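Here you get one chain, nothing else, as structure tokens; it is the form deposited in one PDB entry.
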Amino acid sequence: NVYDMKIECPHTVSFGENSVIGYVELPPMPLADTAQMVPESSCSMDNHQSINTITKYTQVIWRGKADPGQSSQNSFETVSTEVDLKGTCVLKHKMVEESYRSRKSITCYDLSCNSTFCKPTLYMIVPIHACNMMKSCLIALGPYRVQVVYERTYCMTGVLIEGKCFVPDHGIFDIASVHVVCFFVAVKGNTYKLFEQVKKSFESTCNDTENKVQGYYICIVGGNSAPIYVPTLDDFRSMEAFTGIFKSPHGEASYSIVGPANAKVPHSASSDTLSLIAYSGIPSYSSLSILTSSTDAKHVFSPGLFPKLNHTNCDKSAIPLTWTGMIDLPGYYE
């Protein structure tokens, strides 16, 4: 079975630094089959070689006896292990800009898992130059096949929003809610101490920002824009995404709490460094996150557990690897 990834292209295209993004959420597959799963593309644009490389993850799972009706003596516990994951959406510093000038795609996937099954979400970031050739491509991810379909919308220059064409910025002024996708870029630096700005933007009891994760989020808005670096103090679009990421960390019911839990991240930690909540339910939100209390990014994969993403206390928390939401942008309709 094949699934479609629609990437919208306007009639008028500006070349220079614009990248477009498409995504598709795939049906659930067993957790064991996600090992060594990597995107395999057949487009004329070679995928970036760094995405297929290994990223060390700390895998956190929960387990228990769980007999019918059993509420006690379950031996409910969490297990931390070091695992190698390839193809996840771990973007490196200046990878999007280099991929634009190299005409290379960025094809990666997110994992939304419970204890037994995973919903992969395949992402592809391609330069705007893919909006003229518009050659249909085929991507293989595990047992699934994805057809990249470029569609030329009836919009002249803007974004297709509910059958209307909105130009983020010559009509009258208007505000539109525009979709945005963000990825955390792990990069050490004295200017990238992220939680120093988390402490200023939000009512966050967050001490010791010197020892917390360093990096920034990079975002694509409207499915077609220049990359937005988050946070950027004098860029209100960037600060809107910053607000959305930390006020809605799972992104913008089948979820029942099994119990709270703590885990060692990484596995070699002398004490528990991450708080999580074990749950039962169909896969929903991402299982990929980054440990807060480590300058060097410790990537976490917690199938069946929701890591603590609330920032009101930075203790034993995490930040999401990917984030999707809506931000309000000024402009006009055409």
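Whichever C-alpha set is largest while still superposing within 1.5 Å between the two forms counts as the rigid core. Numbers for residues come from their place in the sequence shown, where the first is 1.
One more form of this protein should be noted, the form deposited in another entry, which is absent from this view; the next part is about it.
- Taking the core as reference between this form and the one not shown, the lone member of 45, 51, 37, 276 whose Cα moves by 2 Å or more is 45.
- Core-superposed comparison between this form and the one not shown: the CA of residue 116 stays below a 2 Å shift.
- In a rigid-core overlay of the protein, residue 73 has its C-alpha displaced by at least 2 Å between this form and the one not shown.
- The pair residue 50 and residue 44 approaches in that other deposited form: their C-alpha atoms are at least 3 Å nearer to each other than in the form depicted.
- Distance between the C-alpha atoms of residue 45 and residue 324: longer in that other deposited form than here (change of 3 Å or more).
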